[PDB]
Every structure is written in C-alpha cells, then in structure tokens.
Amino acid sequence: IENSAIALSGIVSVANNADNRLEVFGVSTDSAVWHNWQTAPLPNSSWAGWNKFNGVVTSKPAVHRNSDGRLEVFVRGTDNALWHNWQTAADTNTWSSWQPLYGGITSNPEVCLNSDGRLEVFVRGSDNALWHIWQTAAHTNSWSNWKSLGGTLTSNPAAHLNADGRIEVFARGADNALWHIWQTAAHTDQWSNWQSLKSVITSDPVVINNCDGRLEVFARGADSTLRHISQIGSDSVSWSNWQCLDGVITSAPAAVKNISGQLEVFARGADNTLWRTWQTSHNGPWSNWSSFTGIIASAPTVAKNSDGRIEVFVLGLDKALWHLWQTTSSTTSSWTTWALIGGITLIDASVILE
C-alpha cells in the first residue's frame, strides 16, 4: 500500500442512549443523516425504522452522549462549517435540528466527553492544524470560541480520556507517523506539545483504555497489518514498542473491551470478510484471526448492549446496513449471522483528506 493511504472507515456512528439502547447514524443517498434505534436495549430487539434529519451534510456524523444522557450529533455542513443537533430530552426522539458552530472543517469531527461533563470537539482545520471547541458548562448549549492546537494532520483525529481525566488526541502527521498531544491537567485548556510515536500508519488511529487504566492504540501499518502500542506508565510520555499482528486487513480496525476485561479487535480481512481477534489472557497474546461468513463493504463499527453482548455493524454489498451479535454474554459465545436493518441505503460521506 501507499504510506499515505487511509483505510476504509465505518459506515455509521453508534451511541448508547441513556437507557443503553443502541442508536446508529449514517448518511443516505440524499446526503442527509438518517438514524435508527433499538426499541429495547437488547441485540435481538426490533428497530424503530429509519428516520431523517433534514439538511445536507458533507462528512461522516459523530455522536456522543452528553452527561445528562442526551445524544448529540456533529457533522460538517454544505458551508464546510460544523453543525450539531441534539435530543431535547434523554431517551426521546425529539431533536433540536441542526444548529451552527461555524469554523472551517477539513476532516470528520471527533467528539470526547471531559470528566467534568463538558463535550469537546476536535477537527482538522483549514490550515490542516488541529482545532477544538468545547461546551463551557456541562451538557449546555453554550460553547467556547474556536482554538488551535497546531500541528499538521493527515488523518482524522481520535480522542480519548486517560484514567486521570486528561484528554489525549492522536492523529497521523505530515510524515505519516502517529503523533499525539494531551491535556496536562484534567479538563483544562492546558496542553502539551505534539510528540511523535514514530511508526507509519495507513488508517485513522483507534484508541481504547484497558482495565489497568492505560491507553492502547491500534492502527493499520505500512504493510497492511494491524499494529498496536500501549502506555506503560502513569503518564502520556511512556509507551511500549510497536507490535504488529500477522494478517492483512483492508479496513480500519475497531476495538472493544469485553465484559471479562479483555480486548477484542474487528477488521475487514484480506478476503473482504469480517475478522476478529481477541486477547487470550490479560495483556496477553492475541488469537489467530477468525472470519465470519459474508463479504462486507466497510470497516466494522462495534458496540455493546445493556447485557454486555457485542454487536457489529457493517455495510453490505447491497449498500444497506447489516449487523450480527453474540448469542450470550460470554467471551466464547457463538455469534448470529448477518441480519439486515433495512429501509435506506448508505453512502460513505467521510471527508476526503488529500
């Protein structure tokens, strides 16, 4: 592969409502965001049906739950600015409609919830730097001015909280390596300088926390295999060496922590089916990749239900949304086969970065 490739992304963004019902957000052929939700917080639930938000959008939507349980969606508009819309009350299907946050956006938006309850949004700006904007009070439609964190980005940003409440942001840099920058005090506008984690990545970075607190980062490497790196101390400075796992993947990875505390990674494999690998013991070795039947046309998007069961969403060859899930709350559970969440077809609205 080209060292500047960005692997295929997931086709929807997912969130858990305040009652843990899953709700998915995607872009249809009308260039509008449509959403659909479980009617009860279990993977075998029926889904409500696809519902449209009026308005044309020009990026993949990002969704996050506010600290008062209301979902809020962020998306680039036809004016290349940032727009958002929110549930007006937790677990209710009444939304505010799109409202402006301005700026000039050249990536998909990324959203993170600070540990003091304030949402914060990260984007690549018109100068290819990292910019951000935040709620000035928890779960309130009152936002800061736009501010730059500098750098040069060549991927979408990925943000995650450290165990001590400090946001850390990861992104590919101008040298195609993974860089990162972090708050030096929790939920405060005081940030480090940019630092390189060195390698070469060919996907957006994917970040998860392990049970020990520590962040782990997953990405596709230059040889098209999964690689990963982890924090080895109590700060954002001390990291392991990179490790790669054998097996060519053809999409971004998606990572999840199962209810036994072990990590699992899902990715589209070299044969265009869904592949899965899991840690066999704590911090442990990784299993050989296992394959699920069925050709898929996007990266997976992963979520967990109220009972811990993992559920995976993909685009099918018919350009509709399919999903499968674990049959039991159990690391060795069998899985269902792909089922259709029918009613619309989806397009990949991800911002083209070059």
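For the two forms, the rigid core is made up of the largest set of C-alpha atoms that agree within 1.5 Å on superposition. For every residue, the number given is its place in the sequence shown, counted from 1.
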Could you say which moves further from this form in 5 other deposited structures of this protein, stretch 230 to 238 or stretch 180 to 188, by root mean square CA distance after aligning on the core?
230 to 238
Of the stretches 39 to 47 and 52 to 60, which sits farther from where it is here in 5 other deposited structures of this protein, on average over its Cα atoms, after fitting the core?
39 to 47
Higher average CA B factor in the deposited record is what I'm after, so tell me if that's 106 to 114 or 206 to 214.
206 to 214
Greater mean Cα temperature factor according to the PDB record, 13 to 21 or 333 to 341:
333 to 341
Check the PDB entry and point out which of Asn305, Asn66, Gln38, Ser31 has the largest C-alpha temperature factor.
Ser31
Residue, from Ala219, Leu71, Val121, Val237, that the PDB entry assigns the highest Cα B-factor:
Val237
Cα B factor band for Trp47 (lowest, middle or highest third within the chain):
highest
Can you tell me which third, lowest, middle or highest, the CA B-factor of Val57 falls into for its chain?
middle
If you rank the chain by CA B-factor, which third does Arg172 end up in: lowest, middle or highest?
middle
Quick one: classify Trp194 as lowest, middle or highest third of the chain based on its Cα B-factor.
highest
Name the third of the chain's ranked CA B-factors that contains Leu317, choosing lowest, middle or highest.
highest
